[PDB]
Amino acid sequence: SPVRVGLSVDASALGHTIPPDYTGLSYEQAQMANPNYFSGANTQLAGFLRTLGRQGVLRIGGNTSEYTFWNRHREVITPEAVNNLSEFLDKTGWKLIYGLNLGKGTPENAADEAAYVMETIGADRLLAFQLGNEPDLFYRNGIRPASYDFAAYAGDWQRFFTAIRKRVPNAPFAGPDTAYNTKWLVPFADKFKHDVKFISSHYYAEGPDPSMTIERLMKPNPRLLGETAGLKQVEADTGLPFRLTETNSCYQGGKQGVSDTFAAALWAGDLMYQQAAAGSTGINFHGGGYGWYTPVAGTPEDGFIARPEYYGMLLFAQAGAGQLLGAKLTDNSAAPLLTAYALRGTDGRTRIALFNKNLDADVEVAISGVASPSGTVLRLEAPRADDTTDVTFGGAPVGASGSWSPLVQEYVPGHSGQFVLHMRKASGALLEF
């Protein structure tokens, strides 16, 4: 007995165009201690990335980038590791955001590392260097003293920028690689707008706010809306686009029973669209090893698997790129966590991404504004919102090496230019007209 809601696709309410390199993952720089990880020999992980997008961005940084030390002969990055990363990026078709050690390393070491990266990976595949991860939190791990402020950071950033550009005159940069805030990200954009390609921000649905639950994770985040508005103002005031270079559901590798659940797939897929509709250039979900929130879990020795969050990213992958249209929801007060995104695809077909994040309400969606004859739906499903497994998209799990294709396509009940789509509570759908 579903909530009956109306969705009006207005193909004339033009939103932002989703770039083809929108999707991405964030990893710890420490993973590069192991040259077998980001390697042309790591076909399994390479396969998982190709499935998330023919283009995308691998971001390497995180808290371990303050403890990772480049050497041409505490974790150590070797020329072998950088050489193997170039071969990895060749197998995936993805571009690279590469963190440099501004926390504990020297300008001269960062310049040397940046030179070897540009020499091996090249200007086409290297999107940006980043000078430190979350510099606003250096003072909390003692990487800097408590007195460290934006002024001190700007001094450090300039010293590193100068040293790297002497070795790498075409070196591209992004920063400041943390959450939107007025004490760091606004002044950074103002001072360094001529020295960076784009602004890099982070976002965790968990706050410092009450404890994170599946219930909480499905609701709007006023902090997210605030931070996104901040980044749009910085883009208006400076011309700098923004990318969400580190994101996931909960901090410290995630929360067992939230981050590792089917709920995370609905949250992650919806987030991708909410940020793309705000004009974000892209996203990088943080992950690695077996962390609770990792899209892809595993190791080269034991192999890799898609975790539930991966399936939300997979729905985005299958929607593909294009321009977002108006998709207005009515009669939805009793089903308020249903979200919907309409997309004019690059191939000229209309697509709708629906996230029924209501944990108790089934919906009946009356779709108008699509003058196409017919549509098919691929469902994003698990039997409970807190399932750690049993997740499918298009009636299939993702297999070894990111192997996926749909096994259940279901024609959409259509008649007189109106379509009716049923969705279970805590489910997602991709409609292709």
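Rigid core here is just the name for the largest C-alpha set that superposes within 1.5 Å across the two forms. We number the residues from 1 along the sequence you see.
- Taking the rigid core as the alignment reference, the C-alpha atoms of 367 to 375 lie farther on average from the displayed form in 8 other deposited structures of this protein than those of the other stretch among 367 to 375 and 50 to 58.
- The higher RMS C-alpha distance to the shown form in 8 other deposited structures of this protein, out of 170 to 178 and 216 to 224, belongs to 216 to 224, with every structure fitted on the core.
- Modelled in this chain, residue 425 is likewise resolved in all the other entries of the protein that span it on both sides, not missing from even a third of them.
- Among the other PDB entries of this protein that were compared and that flank it with modelled residues, residue 415 is left unmodelled in a third or more.
- Gap between residue 73 and residue 74: 10 or more deposited residues without coordinates.
- In the deposited entry, the stretch joining residue 208 to residue 209 is interrupted by 1 to 3 residues of the deposited sequence lacking coordinates.
- The question of which stretch, 267 to 275 or 341 to 349, has the higher mean Cα B factor is settled in favour of 341 to 349.
- As the entry records it, the average C-alpha temperature factor is higher for 355 to 363, out of 355 to 363 and 105 to 113.
- Highest CA B-factor among 238, 284, 294, 158, as stated in the entry: 238.
- Across 298, 135, 79, 142, the entry's maximum B-factor at the CA atom is seen for 142.
- The deposited CA B-factor of residue 229 belongs to the highest third of values across its chain.
- The entry lists a Cα temperature factor for residue 68 that places it in the middle third of the chain's modelled residues.
- Residue-level temperature factors show residue 396 in the middle third of its chain, judged at the C-alpha atom.
- For residue 328, the recorded CA B-factor ranks within the highest third of the chain. Only modelled residues enter the ranking.
- Looking at the C-alpha B-factors along this chain, the one for residue 154 belongs to the lowest third.
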